[PDB]
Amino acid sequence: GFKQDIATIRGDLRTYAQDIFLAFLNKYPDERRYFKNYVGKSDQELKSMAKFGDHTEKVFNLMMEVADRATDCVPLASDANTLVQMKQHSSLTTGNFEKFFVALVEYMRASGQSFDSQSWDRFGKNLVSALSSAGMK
């Protein structure tokens, strides 16, 4: 289930974080514009820029912390607030996060593994609702 998925992802956090982030950028290429240093790089090229692996790991670490603190896939309002307030997320709307979760859920469904993809889909929806509540446009 969802708790075990957190453990699976944590076990190989950098690999999952990179793969899922790449699935996101490749599904939604317009989103690459927010990451000016990643423009004009292939999958394998990004996997060699320091900030890429370190970025992705840090993002997914936070995501895992938010997922672990959630109850029944509902995130804490305090965690949504953090996400809205981050200077790095100042130009974002909920639609950016919707895209993120669509990519993540698609990745999990395509995986050979027994991810609880329905719970990640719900988590994402619940997080998007909490982001709006916390004032994200």
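Numbering starts at 1 and runs along the sequence shown.
The mean Cα B-factor in the deposited entry runs higher for 125-133 than for the other of 125-133 and 18-26. Comparing the deposited coordinates for 90-98 and 70-78, the stretch with the larger average C-alpha B-factor is 90-98.
Which of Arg32, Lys58, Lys47, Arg109 has the largest Cα B-factor in the deposited entry comes down to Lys47. Split the chain's modelled residues into thirds by C-alpha temperature factor. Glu65 is in the lowest one.
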